[PDB]
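Enquirer: Coordinates for the following, if possible.
(one chain, ligands or ions: 2)
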Amino acid sequence: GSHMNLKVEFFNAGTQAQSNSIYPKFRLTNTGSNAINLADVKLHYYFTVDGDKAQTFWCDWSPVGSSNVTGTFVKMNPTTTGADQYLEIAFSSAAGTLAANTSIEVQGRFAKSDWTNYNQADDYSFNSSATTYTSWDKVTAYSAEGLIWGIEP
Ligand SMILES: [Ca+2]
Ligand code: NI
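Expert: Numbering: from 1, shown residues only. Ligands and ions are numbered 1, 2, ... in the order given. Take a look:
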């Protein structure tokens, strides 16, 4: 109809296989005519942790205000190919609405508490090739209604 009209594009800002950080960059576009409430929107980035440690997500930039964008880490259960964990990005109510036919970027990083390495190469959501925003079905997005973009592992 016209309520989950959220286009999701993605790329990795850093593509080193052995990397102490992962650098997800999303661009979300409201392709409908009705405004989208960002507070109900979640994003997932799926990966293998390569040595589990407490992790932190920082949103460095988003037009909606980086402090309104936060991340938590959840274990996949059961684990599967390319995915034993996911980052889940959420928006606060202060993030506001995304207008019809407008887009916002969500640029962030995450790392382990001890700054030890990931191997990005085997990560479900990792795009080793893209150097700018691409239509990527290996990250997912959600509204209040559930999945609205992508293929869960
Ligand atoms: Ca990995
Ligand atoms: Ni709809």
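
Enquirer: Near ligand 1, which residues of the protein are found?
Expert: Within the chain, the positions lying close to ligand 1 (C-beta under 5 Å from the ion) are 48, 50, 119, 122-123. (Each C-beta comes from the backbone N, C-alpha and C, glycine too.)

Enquirer: tell me the two of those that are most distant?
Expert: 50 and 123 (9.0 Å; C-beta to C-beta).

Enquirer: Which one of these two is surrounded by more residues?
Expert: For residue 50 versus residue 123, the count of surrounding residues by other C-beta atoms under 10 Å is larger for residue 123: 24 against 18.

Enquirer: Nearest residue to the more buried one in space, please, no chain neighbours.
Expert: Computed as C-beta to C-beta, 6 or more residues apart in numbering, the closest residue to residue 123 that is not its neighbour in sequence is residue 47, at 3.8 Å.

Enquirer: What distance do you get for the residue in the chain positioned nearest to ligand 2 to residue 143?
Expert: The minimum distance from the chain to ligand 2, using C-beta to the ion, falls at residue 1 (3.0 Å). For residue 1, the distance to residue 143 equals 12 Å [C-beta to C-beta, to the nearest Å].

Enquirer: go on, residue 83?
Expert: In this structure, residue 83 and residue 143 are 22 Å apart, going by C-beta to C-beta.

Enquirer: Quick check on the two: which one has the bigger neighbour count.
Expert: A count of neighbours by other C-beta under 10 Å puts residue 83 above the other of residue 83 and residue 143, at 23 against 18.

Enquirer: Show me the beta-bridge partners of that one.
Expert: According to DSSP bridges, the partner residues bridging residue 83 are residue 80.

Enquirer: In this structure it contacts residue 76, no?
Expert: Yes: with contact defined as C-beta atoms under 8 Å, residue 83 reaches residue 76; the gap is 4.9 Å.
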